[PDB]
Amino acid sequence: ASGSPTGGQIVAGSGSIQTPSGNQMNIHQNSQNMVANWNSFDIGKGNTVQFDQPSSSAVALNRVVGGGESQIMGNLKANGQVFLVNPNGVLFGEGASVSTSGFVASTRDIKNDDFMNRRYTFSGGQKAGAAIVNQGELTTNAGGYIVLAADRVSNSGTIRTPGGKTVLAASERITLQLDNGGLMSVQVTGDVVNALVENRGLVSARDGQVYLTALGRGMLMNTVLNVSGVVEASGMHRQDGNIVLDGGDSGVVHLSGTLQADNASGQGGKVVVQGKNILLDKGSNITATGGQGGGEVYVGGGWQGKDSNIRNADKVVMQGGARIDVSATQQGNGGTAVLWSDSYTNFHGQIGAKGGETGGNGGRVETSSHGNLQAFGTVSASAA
């Protein structure tokens, strides 16, 4: 645990490093893509690391080749984009602030040549027990992205990617395709033992998208994806989903917090919750309401499990006191809410799909299973 990154050297691209003076380290970048290796990459409280980059779409890769888990307690700022790779993991402290146009923290490595060719695929080299934990504040400029990729990813603080994307991913491999400085798409493949993505804090991608994906192996009923806080992607409805949870083909996806994709001045967003076993616990709240129309919430599959782009669950359990709301609030039709499984759907919660107060028809709700169905909750899908 040091106060500032040390042992830095530019090994690809063109740039310069200045050690701390006045509690701030300055890293200047000349090329569009730059690689710096670091003995360590810690930032103490009250200290800043400032990247001065040629373009908001420039990328600096920072690889820790020393031994310690990165301790980021102070500030990291950049006008462009920053990748931080540490096989031993990263902790962002309660006071930490990271503010960039796009930020990746990964325990999986990337090859220098791939990165300098703008082929952003990360895999291999992680140490056993390495996690990425955020207890501070990670934020990007509008349209940027934040990607945290490790065997275990935990957010108890705040992540904000307005008009952009947040991706928390526990997988063996992750590939980022960037388009004009924005995150165009993400592919995650390969299972990881004890894979875990947990959000006790706040993830907010206003007018953006949040994607949480954990791929474990042989969990039985160990949790792979746990959201006890708030995931919010209010704004324009997106066909590919405003909030997408994917627990893979093993383990439990547990929601006790809130997934929020509302749109007071339009149609509600789309929330997709996938996994093998999904538990919507008491107090959980999935809301995709819209002033001009309700949104779509799919838990365990699409309508009757016939959406190839949504994984079909084996079991879905919605506890009493859990709620889903796809209502239209002002004018327009209620949205669509689906609980689906292949083997067992136990519905004890509340699903709302009302039409607008000033007009509109009730929405469409399905609580079903290819196998066993226990439907004991409440569904309100009526006009006002």
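Note that residue numbering follows the sequence shown and begins at 1.
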210 to 218 or 302 to 310, whichever carries the higher mean Cα B-factor: 302 to 310
112 to 120 versus 79 to 87 - which carries the larger mean C-alpha B factor in the record: 112 to 120
Peak C-alpha temperature factor (PDB record), options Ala169, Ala128, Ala288, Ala131: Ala128
Peak C-alpha temperature factor (PDB record), options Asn30, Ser56, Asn62, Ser40: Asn30
Third of the chain's Cα B-factor distribution that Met184 belongs to, per the entry: highest
Third of chain Cα B-factors occupied by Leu178: highest
Entry-reported Cα temperature factor of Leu225, expressed as the chain third it lands in: lowest
Chain-wide C-alpha B factor ranking for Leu279, given as lowest, middle or highest third: middle
Record-listed C-alpha B factor of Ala264: chain third: highest
